[PDB]
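Note that we place each Cβ from the backbone using ideal geometry, even for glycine, and neighbour counts take in every protein chain shown. Any read-out appearing in this document is the output of simple, stated calculations on the displayed coordinates, not a laboratory observation.
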Amino acid sequence: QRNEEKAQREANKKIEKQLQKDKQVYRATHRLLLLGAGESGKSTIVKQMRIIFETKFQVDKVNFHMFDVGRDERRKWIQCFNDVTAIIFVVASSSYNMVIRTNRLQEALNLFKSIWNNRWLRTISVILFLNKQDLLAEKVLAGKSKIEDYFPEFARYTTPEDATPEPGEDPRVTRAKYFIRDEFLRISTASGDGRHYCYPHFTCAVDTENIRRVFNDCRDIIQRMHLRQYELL
Amino acid sequence: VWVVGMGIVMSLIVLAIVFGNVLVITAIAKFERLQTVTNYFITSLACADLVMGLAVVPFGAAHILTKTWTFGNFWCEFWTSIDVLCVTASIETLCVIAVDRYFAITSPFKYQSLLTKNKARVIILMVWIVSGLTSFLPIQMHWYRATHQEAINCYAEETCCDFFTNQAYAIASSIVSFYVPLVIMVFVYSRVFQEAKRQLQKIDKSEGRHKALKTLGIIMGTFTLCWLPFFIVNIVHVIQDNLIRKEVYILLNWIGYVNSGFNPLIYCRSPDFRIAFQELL
Amino acid sequence: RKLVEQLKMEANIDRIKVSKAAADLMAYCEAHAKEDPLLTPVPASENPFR
Amino acid sequence: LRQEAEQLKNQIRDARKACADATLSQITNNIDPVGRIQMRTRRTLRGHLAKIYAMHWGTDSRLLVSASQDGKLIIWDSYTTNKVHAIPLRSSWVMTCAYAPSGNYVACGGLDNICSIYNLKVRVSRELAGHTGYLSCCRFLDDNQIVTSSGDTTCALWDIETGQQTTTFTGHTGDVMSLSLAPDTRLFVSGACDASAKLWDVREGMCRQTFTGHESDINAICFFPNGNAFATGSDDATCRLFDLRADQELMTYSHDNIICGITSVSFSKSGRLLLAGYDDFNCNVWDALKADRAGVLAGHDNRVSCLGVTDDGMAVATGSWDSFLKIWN
Ligand SMILES: CN[C@@H]1CCc2c(ccc(O)c2O)[C@H]1O
């Protein structure tokens with residue numbers, strides 16, 4: 001009879017109301033993906049931000065969710081993360097001399113190239129973190145590992161006068177850090193059509209203000225996305 | 001033969017307005033990918049422009065060409081009310097679209113929660129309700145009629161039907177319809193331009209190794225140069241001026257009408273809209 | 001290691017001529033063609049959806 | 001060492017070449033073409049929040065299951081378009097879903113590496129864990145056994161009550177992306193990123209045959225209704241139909257226009273029509289015997305992710321990243 005149809009309609013209405021509530025709850029949550037090598041220091045960034053691994057943290061009453069897929073040389077699940085606001089990329093800038101066999105930093109640059117020139121994620125910005133700044137400073141000041149020996153581009157590289165360095169009190173460490181950042185920026189600029197941007201941040205394990213950096217940067221990402229959607233940028 | 005040649009312009013304007021608005025309405029209606037929060041406002045604006053282009057443009061053109069109004073007095077009042085309602089709704093929808101854009105850009109994190117489908121429907125219903133009030137209530141109740149002998153004679157005559165209004169109603173209609181939305185649009189677009197300039201400066205600083213100005217300029221120009229002269233002549237001839245000839249007033253009103261053939265194609269320039277238009281035709 | 005044994009096991013298997021299997025597939029498609037509403041659309045009365 | 005492997009490869013290649021007498025094109029060239037086919041969206045469900053990945057028609061030709069990145073596994077009645085059940089998932093990502101032939105159980109799993117199983121008579125009756133990599137596909141052999149394909153390049157045969165891997169089908173290079181079951185529960189095949197589709201026996205647990213025709217990753221596999229053949233979609237534009245008895249390839253379905261890959265492949269009830277999803281917004285059909293495309297299907301807003309043909313053959317349902325299942329007939 002029609003009693004079964006009426007019961008099914010009532011159940012459908014209840015499920016639709018629950019789905020509307022879930023949509024309201026979920027549309028305000030922003031998804032972030034944490035990507036990096038095992039020795040990069042993603043655990044340190046996760047600990048700093050919190051204070052598959054699912055993490056809830058909110059800034060200014062805005063809920064962000066962070067994912068950590070964690071060998072997987074052929075990344076086939078990278079197409080699953082297509083609705084995330086930004087992808088957090090963590091690389092140890094002090095790992096230029098250490099090589100496993102091809103420097104680890106060069107392998108991270110190749111991974112960044114693969115992520116950037118990905119067909120499935122072409123509107124997904126990348127938040128770049130360079131951990132182990134203190135270790136990089138110690139390595140550069142010591143001079144045991146010549147930066148030009150592993151990266152030949154350092155021989156002709158000059159420090160950027162446009163960017164004011166932090167008070168590191170050493171021109172050499174600033175030059176090395178800015179060269180490492182400029183490598184990623186040069187990879188990002190080649191395919192940059194304005195849809196997605198790469199934001200380099202120099203961070204340290206002692207530093208804990210990375211959460212505000214992520215919040216502000218995600219705000220800028222959404223603002224740029226809206227501006228390009230309305231064709232004002 | 002001048003009117004015969006002139007009549008072609010009005011026919012072309014009406015055809016263009018109807019075709020553009022129908023195409024836009026079909027574009028949003030047919031494809032579910034186009035439906036969105038702001039596309040509801042866009043389709044409301046398209047509906048208002050279509051209504052005005054269908055109703056008041058042909059009737060006004062016929063009145064101008066024949067130099068007389070064949071239909072009845074009640075139908076003339078209905079035509080005037082429809083004209084006011086459509087103009088007010090169109091400009092208010094422009095203002096609402098500008099406010100939505102400003103809220104989406106300046107406050108992106110809260111933008112998803114601030115406006116939803118229910119919120120957009122409520123806003124559209126409120127806009128149409130206030131437009132319908134401001135149009136019909138002062139007209140159908142004869143609150144806009146003037147005490148001058150010329151206005152009384154014009155109302156008494158069955159054939160001739162021109163627009164005669166009080167200073168108070170003209171001022172109120174102007175401020176409700178155009179002036180307040182003009183202020184709101186200018187403010188929100190100035191804020192949006194400031195945000196865009198800040199973002200461009202930040203991007204230049206970060207990756208040193210415009211378009212926003214052009215878009216805001218074309219939007220503000222096609223709104224202002226189309227409506228502002230008419231809505232300043234409104235107050236001018238309402239308040240202590242007789243130099244405003246009827247021809248100038250009608251010409252500026254028809255420029256305002258022509259704005260309805262310009263709003264769609266500038267508000268549907270997105271690549272998705274172009275793809276939908278290509279698929280439809 | 002075990003890959004050599006796996007390939008050796010895979011090598012020794014009975015096979016039939018491709019023509020025979022092709023004819024079998026064609027015969028199956030011809031025989032079961034009638035009992036398929038996808039090839040021949042169902043009448044609106046018979047169609048459960050419409 | 002590798003000399004024995006090379007000799008075996010040469011022997012199998014020679015055997016396959018010898019067994020290839022006449023291509024199926026030569027035999028089929030004297031058949032009547034299917035002709036143009038018109039497919040219309042009988043019903044649009046449109047109840048999902050985010051992009052959906054997989055769907056599975058129930059044993060009855062009505063009920064549906066579709067899983068989306070929103071984390072909700074929703075059961076749909078195709079005829080009435082009403083939502084029967086909505087089962088939230090503990091894992092935010094679900095890469096696959098399944099419907100048991102009895103209809104009592106529904107299983108889904110994703111990047112959590114756990115094949116969650118829900119009881120419909122919606123609580124988690126059992127959660128199966130033990131896969132190193134992300135899950136990719138799950139199918140029900142019966143009411144008590146399920147085969148899951150994981151990113152650890154291994155597929156396993158599970159027991160619901162026992163909760164442990166009864167048999168592990170190790171010995172595959174790339175990560176398996178899809179699997180299909182024979183009309184009987186005896187045989188099932190899987191395709192991985194190693195450009196190889198291998199046939200497996202559930203009882204013995206050894207790969208009987210290995211087909212490596214493709215040059216790219218396989219993303220979708222379905223059986224011919226006979227059970228003697230199966231077609232594999234791929235990242236390469238070509239979709240190929242293999243043959244278990246002939247041990248070799250039979251056809252490739254390639255067109256000049258299509259530069260995209262394949263996401264879902266499914267046959268018709270009679271086996272004459274091969275339905276293949278695409279990375280392009282629209283799906284394509286293929287005459288399984290003539291290799292000539294019959295008619296392009298209406299596209300979604302985004303890329304399609306799953307194809308399912310009813311057991312009765314009445315309708316086919318396609319789900320894209322636009323969170324829409326459009327029932328076609
Ligand atoms: C047909 N002429 C009308 C008369 C006055 C008027 C117009 C438009 C908008 C308004 O707010 C008005 O008060 C004109 O289109």
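Details
- Residue check for A:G143: of a type in the set (G, A, S), touching a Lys or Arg at 6+ places or on another chain (Cβ under 9 Å) and surrounded by 13 or more Cβ atoms within 10 Å (Cβ to Cβ): no
- Scanning region B:98-115 for residues that are of a type in the set (F, W, Y), more than 9 Å from B:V188 (Cβ to Cβ) and not in a loop (DSSP other than H, G, I, E, B) yields a count of 1.
Quick grid of which residues meet (1) at the interface with chain C (Cβ under 8 Å from one of its Cβ atoms); (2) under 22 Å from the mean Cα position of the chain (by Cα):
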{"site": "D:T28", "(1), (2)": "yes, no"}
{"site": "D:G35", "(1), (2)": "no, no"}
{"site": "D:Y53", "(1), (2)": "no, yes"}
{"site": "D:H56", "(1), (2)": "no, yes"}
{"site": "D:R62", "(1), (2)": "no, yes"}
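- B:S113 among the hydroxyl-bearing types (S, T, Y) and under 30 Å from A:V214 (Cα atoms): yes
- Filter result (surrounded by fewer than 22 Cβ atoms within 10 Å (Cβ to Cβ) and either assigned to a helix (DSSP H, G or I) or of a type in the set (A, V, I, L, M) (or both)) within region B:33-42: B:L34, B:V37, B:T38, B:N39, B:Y40
- Residue in region D:237-245 that is farther than 27 Å from D:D194 by Cα and of a type in the set (A, V, I, L, M) present: no
- Residues (within 9 Å of chain C (Cβ to nearest Cβ) and either surrounded by fewer than 23 Cβ atoms within 10 Å (Cβ to Cβ) or within 14 Å of D:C306 (Cα to Cα) (or both)) located in region D:247-267: D:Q248
- The helices (runs of 4 or more DSSP H) found entirely in region B:128-215 that carry 1 or more residues being more than 17 Å from B:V238 (Cβ to Cβ) are B:149-156, B:180-206.
- Note on region D:87-113: residues that are in a strand (DSSP E or B) and surrounded by fewer than 18 Cβ atoms within 10 Å (Cβ to Cβ) total 1.
- The residue of region A:55-85 that is nearest to the other protein chains (Cβ to nearest Cβ), among those that are assigned to a loop (DSSP other than H, G, I, E, B) and β-branched (V, I, T), is A:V69.
- Whichever residue in region B:1-32 is among the polar types (S, T, N, Q) and under 29 Å from D:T44 (Cα atoms) and, among such residues, is surrounded by the fewest Cβ atoms within 10 Å (Cβ to Cβ): B:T26
Every residue, every condition in (1) surrounded by fewer than 24 Cβ atoms within 10 Å (Cβ to Cβ); (2) among the aliphatic types (A, V, I, L, M); (3) more than 17 Å from D:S180 (Cα to Cα), yes or no:
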| site | (1), (2), (3) |
| --- | --- |
| D:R240 | yes, no, no |
| D:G277 | no, no, no |
| D:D287 | yes, no, yes |
| D:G308 | no, no, no |
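- Only residues that are more than 11 Å from the ligand (Cβ to nearest atom) and either touching a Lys or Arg at 6+ places or on another chain (Cβ under 9 Å) or of a type outside the set (S, T, N, Q) (or both) were counted across region B:247-281, and they come to 22.
- Region D:190-229, residues that are touching a helix residue (DSSP H, G or I) at 6+ places or on another chain (Cβ under 9 Å) and among the β-branched types (V, I, T): D:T210
- Subset of region A:5-43 that is in a helix (DSSP H, G or I) and closer than 30 Å to A:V206 by Cβ - its residue that is nearest to the other protein chains (Cβ to nearest Cβ): A:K42
- The lone criterion from (1) within 15 Å of the ligand (Cβ to nearest atom); (2) touching a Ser or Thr at 6+ places or on another chain (Cβ under 7 Å) left unmet by B:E195 is number (1).
- So B:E207, is it in contact with a strand residue (DSSP E or B) (Cβ under 9 Å, 6 or more places away or on another chain), charged (D, E, K, R) and either within 14 Å of the ligand (Cβ to nearest atom) or within 14 Å of another protein chain (Cβ to nearest Cβ) (or both): yes
- Condition broken by D:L275, with the remaining ones in (1) away from chain C (no Cβ under 12 Å); (2) part of a strand (DSSP E or B); (3) of a type outside the set (V, I, T) satisfied: (1)
- Within region A:96-119, at least one residue is within 14 Å of another protein chain (Cβ to nearest Cβ) and in a helix (DSSP H, G or I).
- Here B:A172 fulfils each of the conditions (1) away from the ligand (no atom under 16 Å from the Cβ); (2) more than 11 Å from chain A (Cβ to nearest Cβ) apart from (1).
- Hey, C:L7 in contact with a helix residue (DSSP H, G or I) (Cβ under 7 Å, 6 or more places away or on another chain), over 19 Å from D:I37 (Cα atoms), surrounded by fewer than 16 Cβ atoms within 10 Å (Cβ to Cβ) and facing chain D (nearest Cβ under 7 Å) or not: no
- Failed item in (1) farther than 13 Å from C:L39 by Cβ; (2) more than 14 Å from chain B (Cβ to nearest Cβ); (3) among the β-branched types (V, I, T), with D:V285 passing the rest: (1)
- Region C:21-50, subset assigned to a helix (DSSP H, G or I) and surrounded by 15 or more Cβ atoms within 10 Å (Cβ to Cβ), residue nearest to the chain's Cα centre (by Cα): C:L25
- Of the listed requirements (1) surrounded by 23 or more Cβ atoms within 10 Å (Cβ to Cβ); (2) among the hydroxyl-bearing types (S, T, Y); (3) outside any strand (DSSP E or B), D:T132 misses just one: (1).
- Against the conditions (1) closer than 30 Å to D:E6 by Cβ; (2) at the interface with another protein chain (Cβ under 7 Å from one of its Cβ atoms); (3) more than 19 Å from the chain's Cα centre (by Cα); (4) not acidic (D, E), C:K2 satisfies every one except (2).
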